[PDB]
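Engineer: Data file my_file_5.txt (compact mmCIF, C-alpha atoms) is appended below.
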```
# COMPACT_ATOMS: atom_id res chain seq x y z
CA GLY A 4 51.35 -15.39 68.68
CA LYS A 5 50.16 -13.31 65.61
CA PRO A 6 47.30 -10.75 65.71
CA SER A 7 44.25 -10.53 63.48
CA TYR A 8 45.61 -7.48 61.66
CA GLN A 9 48.78 -9.28 60.68
CA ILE A 10 46.73 -12.17 59.35
CA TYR A 11 44.79 -9.84 57.02
CA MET A 12 48.12 -8.50 55.83
CA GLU A 13 49.19 -12.09 55.10
CA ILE A 14 45.93 -13.10 53.40
CA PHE A 15 46.13 -10.09 51.04
CA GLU A 16 49.86 -10.44 50.44
CA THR A 17 49.33 -14.15 49.58
CA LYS A 18 48.43 -14.08 45.89
CA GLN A 19 48.18 -17.16 43.71
CA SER A 20 51.41 -17.85 41.91
CA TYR A 21 51.83 -18.18 38.15
CA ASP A 22 52.29 -21.98 38.44
CA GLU A 23 50.36 -22.52 41.68
CA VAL A 24 47.29 -24.73 41.35
CA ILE A 25 43.92 -23.64 42.77
CA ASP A 26 43.91 -26.54 45.26
CA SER A 27 47.18 -25.23 46.65
CA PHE A 28 46.07 -21.58 46.79
CA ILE A 29 42.75 -22.23 48.57
CA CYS A 30 44.48 -24.53 51.04
CA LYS A 31 46.95 -21.75 51.83
CA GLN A 32 44.24 -19.09 52.14
CA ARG A 33 41.84 -21.24 54.11
CA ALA A 34 44.56 -21.97 56.62
CA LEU A 35 45.14 -18.25 57.18
CA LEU A 36 41.42 -17.62 57.25
CA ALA A 37 41.22 -20.10 60.11
CA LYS A 38 43.72 -18.14 62.20
CA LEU A 39 41.12 -15.36 62.27
CA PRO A 40 38.57 -15.15 65.10
CA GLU A 41 36.07 -18.00 64.98
CA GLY A 42 32.67 -16.75 63.79
CA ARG A 43 33.72 -13.41 62.29
CA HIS A 44 33.36 -14.16 58.58
CA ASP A 45 31.00 -16.32 56.52
CA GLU A 46 32.05 -18.13 53.35
CA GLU A 47 30.68 -15.41 51.13
CA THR A 48 33.08 -12.97 52.79
CA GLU A 49 36.03 -15.38 52.81
CA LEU A 50 35.42 -15.86 49.11
CA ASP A 51 35.30 -12.06 48.58
CA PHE A 52 38.68 -11.66 50.28
CA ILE A 53 40.45 -14.14 48.07
CA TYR A 54 38.62 -14.07 44.77
CA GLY A 55 40.70 -11.16 43.52
CA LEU A 56 43.84 -12.89 44.70
CA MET A 57 43.45 -15.83 42.28
CA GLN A 58 45.44 -15.69 39.08
CA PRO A 59 43.90 -14.02 36.00
CA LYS A 60 42.97 -17.23 34.14
CA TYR A 61 40.56 -18.18 36.97
CA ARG A 62 38.86 -14.80 37.42
CA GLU A 63 38.19 -14.53 33.66
CA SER A 64 36.73 -18.04 33.57
CA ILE A 65 34.91 -18.15 36.89
CA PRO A 66 32.72 -15.13 37.58
CA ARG A 67 32.61 -14.52 41.32
CA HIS A 68 28.82 -14.19 41.09
CA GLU A 69 28.54 -17.77 39.81
CA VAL A 70 30.24 -19.27 42.89
CA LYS A 71 28.77 -19.52 46.39
CA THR A 72 31.23 -21.91 48.11
CA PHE A 73 34.85 -23.03 48.12
CA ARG A 74 33.73 -26.41 46.76
CA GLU A 75 32.00 -24.79 43.83
CA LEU A 76 35.12 -22.66 43.28
CA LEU A 77 37.60 -25.53 43.48
CA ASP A 78 35.53 -27.63 41.06
CA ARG A 79 35.63 -24.96 38.40
CA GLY A 80 39.28 -24.22 39.05
CA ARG A 81 40.27 -27.85 38.60
CA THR A 82 38.11 -27.79 35.46
CA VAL A 83 40.18 -24.84 34.31
CA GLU A 84 43.44 -26.72 34.88
CA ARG A 85 42.28 -29.96 33.23
CA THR A 86 41.60 -28.23 29.87
CA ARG A 87 45.16 -26.91 29.29
CA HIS A 88 47.14 -30.09 30.40
CA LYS B 5 30.00 -2.53 43.61
CA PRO B 6 31.58 -6.07 43.88
CA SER B 7 32.86 -6.68 47.41
CA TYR B 8 36.03 -8.45 46.28
CA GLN B 9 37.29 -5.43 44.31
CA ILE B 10 36.70 -3.24 47.33
CA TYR B 11 38.81 -5.55 49.46
CA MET B 12 41.49 -5.58 46.80
CA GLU B 13 41.42 -1.76 46.93
CA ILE B 14 41.48 -1.55 50.71
CA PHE B 15 44.67 -3.55 50.91
CA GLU B 16 46.19 -2.04 47.79
CA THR B 17 45.76 1.41 49.42
CA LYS B 18 48.48 1.66 52.02
CA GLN B 19 49.29 4.92 53.80
CA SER B 20 51.97 6.83 51.88
CA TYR B 21 55.08 8.52 53.24
CA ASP B 22 54.03 11.73 55.01
CA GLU B 23 50.29 11.16 54.43
CA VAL B 24 48.50 12.22 57.57
CA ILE B 25 46.15 9.87 59.39
CA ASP B 26 43.03 11.88 58.48
CA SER B 27 43.86 11.55 54.79
CA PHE B 28 44.34 7.76 55.00
CA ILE B 29 41.33 6.97 57.23
CA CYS B 30 39.14 9.15 55.05
CA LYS B 31 40.18 7.08 52.05
CA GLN B 32 39.60 3.71 53.75
CA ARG B 33 36.30 4.61 55.47
CA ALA B 34 35.05 5.50 52.01
CA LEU B 35 35.96 2.01 50.80
CA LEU B 36 34.91 0.34 54.05
CA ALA B 37 31.46 1.83 53.60
CA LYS B 38 30.95 0.53 50.04
CA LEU B 39 30.75 -2.96 51.63
CA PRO B 40 27.41 -4.47 52.71
CA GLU B 41 26.01 -2.67 55.75
CA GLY B 42 26.43 -4.81 58.85
CA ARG B 43 29.02 -7.27 57.56
CA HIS B 44 31.93 -5.89 59.62
CA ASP B 45 32.08 -4.39 63.10
CA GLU B 46 34.45 -1.51 63.91
CA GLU B 47 36.88 -3.92 65.55
CA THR B 48 37.20 -5.71 62.19
CA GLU B 49 37.50 -2.54 60.09
CA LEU B 50 40.41 -1.51 62.33
CA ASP B 51 42.10 -4.89 61.84
CA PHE B 52 41.78 -4.50 58.06
CA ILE B 53 43.58 -1.21 57.84
CA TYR B 54 45.82 -1.16 60.95
CA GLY B 55 48.71 -2.88 59.17
CA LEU B 56 48.37 -0.52 56.23
CA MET B 57 49.47 2.48 58.31
CA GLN B 58 53.04 3.76 58.15
CA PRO B 59 55.59 2.62 60.74
CA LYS B 60 55.43 5.73 62.96
CA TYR B 61 51.77 5.24 63.65
CA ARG B 62 52.20 1.49 64.36
CA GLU B 63 55.42 2.02 66.32
CA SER B 64 53.60 4.57 68.56
CA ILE B 65 49.97 3.30 68.61
CA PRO B 66 49.51 -0.36 69.58
CA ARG B 67 46.52 -1.94 67.83
CA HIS B 68 45.44 -3.34 71.18
CA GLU B 69 45.10 0.20 72.64
CA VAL B 70 42.44 1.51 70.21
CA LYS B 71 38.80 0.38 69.98
CA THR B 72 37.52 2.99 67.48
CA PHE B 73 38.64 5.05 64.56
CA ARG B 74 38.14 8.16 66.72
CA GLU B 75 40.68 6.86 69.23
CA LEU B 76 42.95 6.06 66.28
CA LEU B 77 42.60 9.53 64.76
CA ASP B 78 43.24 11.19 68.09
CA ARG B 79 46.51 9.33 68.71
CA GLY B 80 47.49 9.68 65.06
CA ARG B 81 47.00 13.45 65.28
CA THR B 82 49.13 13.41 68.45
CA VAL B 83 51.87 11.59 66.52
CA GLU B 84 51.79 14.28 63.86
CA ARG B 85 51.64 17.11 66.43
CA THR B 86 54.80 15.80 68.06
CA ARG B 87 56.71 16.84 64.92
CA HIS B 88 54.88 20.14 64.30
```
What does the file become when written as structure tokens?

Structural biologist:
Amino acid sequence: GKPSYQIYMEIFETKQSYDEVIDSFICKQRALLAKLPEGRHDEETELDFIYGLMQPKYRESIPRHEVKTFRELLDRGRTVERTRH
Amino acid sequence: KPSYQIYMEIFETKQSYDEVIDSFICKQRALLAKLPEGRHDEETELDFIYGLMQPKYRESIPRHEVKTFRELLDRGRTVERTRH
């Protein structure tokens, strides 16, 4: 297969692209996060991993400290995308 | 210190060419410790940084053969002593 350490390398090499939507990015990251050992990380941690990997428009507009879940994060990210076409 | 920036630093800080294992692990353990106490076990902290090492350490030290940083330092010193 593929060992935990290589997954972390993939997670942190998988940054959001300049035209990639938040729904796409979180799907991608959550799939990798699921290849990790079941029970290791809570959602707060999984959010910490990836928050800095989002594209700049989302980090400027969505303070990490205002989000507690992937649902809360997706909702604001879609909100971000729906205001600039 | 916001956990997500620490993680971004951890994985932005790969071991450089000719940087010895003590130098690299020092650096990372400093970052690993800025995280909330108790979040990660040592098995996880090794997984974080293991892929960040240079090829000679990974080529010679299988991740599955170390359980602690001390075991990692000891083999990493051995790798460096093979060329001294």

Engineer: Taking all atoms listed in the file into account and nothing else, which residues of chain B lie no more than 7 Å away from chain A? Please answer as a ChimeraX atom specification.

Structural biologist: /B:7-9,11-12,15,51-52,54-55

Engineer: First collect every listed atom of range 10-20 of chain B; then fit an axis-aligned box around them, widen it by 3 Å on each side, and give centre and edge lengths in Å to one decimal, as JSON.

Structural biologist:
```
{"center_x": 44.3, "center_y": 0.6, "center_z": 50.3, "size_x": 21.3, "size_y": 18.4, "size_z": 13.0}
```

Engineer: Report, in Å to a single decimal, how far apart CA of residue 80 in chain A and CA of residue 61 in chain A are.

Structural biologist: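 Calculated distance between CA of residue 61 in chain A and CA of residue 80 in chain A is 6.5 Å.
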
Engineer: Within 12 Å of residue 79 in chain B, counting all atoms listed in the file, which residues qualify if same-chain residues fewer than 6 places away don't, as an mmCIF file with C-alpha atoms, in the frame of the given file?

Structural biologist:
```cif
data_model
loop_
_atom_site.group_PDB
_atom_site.id
_atom_site.type_symbol
_atom_site.label_atom_id
_atom_site.label_comp_id
_atom_site.auth_asym_id
_atom_site.auth_seq_id
_atom_site.Cartn_x
_atom_site.Cartn_y
_atom_site.Cartn_z
ATOM 1 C CA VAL B 24 48.500 12.220 57.570
ATOM 2 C CA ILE B 25 46.150 9.870 59.390
ATOM 3 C CA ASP B 26 43.030 11.880 58.480
ATOM 4 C CA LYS B 60 55.430 5.730 62.960
ATOM 5 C CA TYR B 61 51.770 5.240 63.650
ATOM 6 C CA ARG B 62 52.200 1.490 64.360
ATOM 7 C CA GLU B 63 55.420 2.020 66.320
ATOM 8 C CA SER B 64 53.600 4.570 68.560
ATOM 9 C CA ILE B 65 49.970 3.300 68.610
ATOM 10 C CA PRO B 66 49.510 -0.360 69.580
ATOM 11 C CA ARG B 67 46.520 -1.940 67.830
ATOM 12 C CA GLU B 69 45.100 0.200 72.640
ATOM 13 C CA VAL B 70 42.440 1.510 70.210
ATOM 14 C CA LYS B 71 38.800 0.380 69.980
ATOM 15 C CA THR B 72 37.520 2.990 67.480
ATOM 16 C CA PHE B 73 38.640 5.050 64.560
ATOM 17 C CA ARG B 85 51.640 17.110 66.430
ATOM 18 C CA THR B 86 54.800 15.800 68.060
#
```

Engineer: Report, in Å with one decimal, the straight-line distance from CA of residue 14 in chain B to CA of residue 79 in chain A.

Structural biologist: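 Computing it gives 27.1 Å between the two atoms.
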
Engineer: Just checking: using all atoms listed in the file, which residue out of B:16, B:47, B:84, B:23 ends up closest to residue 35 in chain B?

Structural biologist: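 Among B:16, B:47, B:84, B:23, it is B:16 that comes nearest to residue 35 in chain B.
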
Engineer: Have a look at CA of residue 5 in chain B and CA of residue 36 in chain B and let me know their distance in Å, one decimal.

Structural biologist: 11.9 Å

Engineer: Within 12 Å of (58.5, 4.7, 51.3), all atoms listed in the file: residues as number ranges by chain?

Structural biologist: B: 18-23, 57-59

Engineer: Please list as a ChimeraX atom specification every residue within 12 Å of residue 60 in chain A, counting all atoms listed in the file and excluding residues in the same chain fewer than 2 positions away.

Structural biologist: /A:19-25,54-58,62-66,79-84,86-87

Engineer: So that I have them on file, write out the residues from the current selection with C-alpha atoms, as a PDB file, in the frame of the given file.

Structural biologist:
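Writing done, so here's out_6.pdb:
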```pdb
ATOM      1  CA  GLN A  19      48.180 -17.160  43.710  1.00  0.00           C
ATOM      2  CA  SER A  20      51.410 -17.850  41.910  1.00  0.00           C
ATOM      3  CA  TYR A  21      51.830 -18.180  38.150  1.00  0.00           C
ATOM      4  CA  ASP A  22      52.290 -21.980  38.440  1.00  0.00           C
ATOM      5  CA  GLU A  23      50.360 -22.520  41.680  1.00  0.00           C
ATOM      6  CA  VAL A  24      47.290 -24.730  41.350  1.00  0.00           C
ATOM      7  CA  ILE A  25      43.920 -23.640  42.770  1.00  0.00           C
ATOM      8  CA  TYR A  54      38.620 -14.070  44.770  1.00  0.00           C
ATOM      9  CA  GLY A  55      40.700 -11.160  43.520  1.00  0.00           C
ATOM     10  CA  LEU A  56      43.840 -12.890  44.700  1.00  0.00           C
ATOM     11  CA  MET A  57      43.450 -15.830  42.280  1.00  0.00           C
ATOM     12  CA  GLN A  58      45.440 -15.690  39.080  1.00  0.00           C
ATOM     13  CA  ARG A  62      38.860 -14.800  37.420  1.00  0.00           C
ATOM     14  CA  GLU A  63      38.190 -14.530  33.660  1.00  0.00           C
ATOM     15  CA  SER A  64      36.730 -18.040  33.570  1.00  0.00           C
ATOM     16  CA  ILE A  65      34.910 -18.150  36.890  1.00  0.00           C
ATOM     17  CA  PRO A  66      32.720 -15.130  37.580  1.00  0.00           C
ATOM     18  CA  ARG A  79      35.630 -24.960  38.400  1.00  0.00           C
ATOM     19  CA  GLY A  80      39.280 -24.220  39.050  1.00  0.00           C
ATOM     20  CA  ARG A  81      40.270 -27.850  38.600  1.00  0.00           C
ATOM     21  CA  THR A  82      38.110 -27.790  35.460  1.00  0.00           C
ATOM     22  CA  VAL A  83      40.180 -24.840  34.310  1.00  0.00           C
ATOM     23  CA  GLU A  84      43.440 -26.720  34.880  1.00  0.00           C
ATOM     24  CA  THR A  86      41.600 -28.230  29.870  1.00  0.00           C
ATOM     25  CA  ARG A  87      45.160 -26.910  29.290  1.00  0.00           C
TER      26      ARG A  87
END
```
